[PDB]
Amino acid sequence: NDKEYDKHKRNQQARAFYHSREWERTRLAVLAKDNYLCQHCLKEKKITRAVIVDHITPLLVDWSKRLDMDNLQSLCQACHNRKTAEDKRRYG
Ligand SMILES: [Mn+2]
């Protein structure tokens with residue numbers, strides 16, 4: 001195909017993923033395993049409630065790792081925002 005169409009299909013697939021039964025289940029499994037604590041904060045010796053589960057390697061970078069628990073981290077907002085900025089340096 002053309003690059004634009006493949007990008008469109010990739011993005012539509014990623015959008016749908018977050019509505020999926022498998023994501024809903026896996027998100028809960030990760031939060032539960034993490035006791036709803038931000039994992040980056042914990043590494044920095046801080047206790048902060050997690051509000052989101054983020055892909056370490058972004059979903060749009062490696063579709064194959066979309067449901068891998070070792071590719072998922074519970075994060076607080078500050079750490080999610082920090083990671084989002086960092087990932088822009090990596091990927092755009
Ligand atoms: Mn944090």
# chains A, B, ... in the order shown; residues from 1 in each chain; ligands from 1

call {"tool": "residues_around", "arguments": {"residues": "range 65-74 of chain A", "least_positions_apart": "4", "cutoff": "8 Å", "atoms": "only C-alpha atoms", "output": "list in words"}}
result
residues 22, 23, 26, 30, 31, 34, 36, 37, 38, 39, 50, 51, 52, 53, 54, 55, 56, 57 and 59 of chain A

call {"tool": "residues_around", "arguments": {"residues": "residue 88 in chain A", "least_positions_apart": "6", "cutoff": "12 Å", "atoms": "only C-alpha atoms", "output": "list in words"}}
result
residues 58, 61, 81 and 82 of chain A

call {"tool": "residues_near_ligand", "arguments": {"ligand": "ligand 1", "cutoff": "6 Å", "atoms": "only C-alpha atoms and all ligand atoms", "output": "PDB file with N, CA, C and O atoms, in the first residue's frame"}}
result
ATOM      1  N   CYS A  38       2.259   4.260  41.337  1.00  0.00           N
ATOM      2  CA  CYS A  38       3.079   4.680  40.207  1.00  0.00           C
ATOM      3  C   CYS A  38       4.444   4.010  40.298  1.00  0.00           C
ATOM      4  O   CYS A  38       5.145   4.144  41.304  1.00  0.00           O
ATOM      5  N   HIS A  40       7.206   4.524  38.397  1.00  0.00           N
ATOM      6  CA  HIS A  40       8.362   5.418  38.295  1.00  0.00           C
ATOM      7  C   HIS A  40       8.595   6.105  39.627  1.00  0.00           C
ATOM      8  O   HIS A  40       9.740   6.201  40.082  1.00  0.00           O
ATOM      9  N   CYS A  41       7.524   6.580  40.261  1.00  0.00           N
ATOM     10  CA  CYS A  41       7.648   7.145  41.603  1.00  0.00           C
ATOM     11  C   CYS A  41       8.278   6.141  42.570  1.00  0.00           C
ATOM     12  O   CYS A  41       9.177   6.494  43.335  1.00  0.00           O
ATOM     13  N   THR A  48       2.931   7.369  45.121  1.00  0.00           N
ATOM     14  CA  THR A  48       1.951   8.155  44.381  1.00  0.00           C
ATOM     15  C   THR A  48       0.960   7.214  43.746  1.00  0.00           C
ATOM     16  O   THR A  48       1.364   6.235  43.111  1.00  0.00           O
ATOM     17  N   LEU A  75       1.273   4.414  36.091  1.00  0.00           N
ATOM     18  CA  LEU A  75       1.914   5.708  36.285  1.00  0.00           C
ATOM     19  C   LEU A  75       0.948   6.734  36.861  1.00  0.00           C
ATOM     20  O   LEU A  75      -0.257   6.704  36.583  1.00  0.00           O
ATOM     21  N   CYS A  76       1.498   7.668  37.633  1.00  0.00           N
ATOM     22  CA  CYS A  76       0.787   8.887  37.989  1.00  0.00           C
ATOM     23  C   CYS A  76       0.805   9.860  36.810  1.00  0.00           C
ATOM     24  O   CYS A  76       1.518   9.657  35.831  1.00  0.00           O
ATOM     25  N   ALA A  78       2.036  12.949  36.598  1.00  0.00           N
ATOM     26  CA  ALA A  78       3.306  13.615  36.398  1.00  0.00           C
ATOM     27  C   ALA A  78       4.270  12.708  35.637  1.00  0.00           C
ATOM     28  O   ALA A  78       4.953  13.156  34.711  1.00  0.00           O
ATOM     29  N   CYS A  79       4.311  11.426  36.000  1.00  0.00           N
ATOM     30  CA  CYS A  79       5.213  10.506  35.317  1.00  0.00           C
ATOM     31  C   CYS A  79       4.735  10.169  33.914  1.00  0.00           C
ATOM     32  O   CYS A  79       5.564   9.979  33.013  1.00  0.00           O
TER      33      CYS A  79
END

call {"tool": "select_by_dssp", "arguments": {"residues": "chain A", "states": "strand (DSSP E or B)", "output": "PyMOL selection string"}}
result
chain A and resi 37+49+52-55+72-75

call {"tool": "atom_distance", "arguments": {"atom1": "CA of residue 62 in chain A", "atom2": "CA of residue 13 in chain A"}}
result
12.2 Å

call {"tool": "closest_residue", "arguments": {"among": "A:60, A:80, A:89, A:28", "to": "residue 12 in chain A", "atoms": "only C-alpha atoms"}}
result
A:60

call {"tool": "select_by_dssp", "arguments": {"residues": "chain A", "states": "alpha helix (DSSP H)", "output": "ChimeraX atom specification"}}
result
/A:3-17,21-33,39-43,77-91
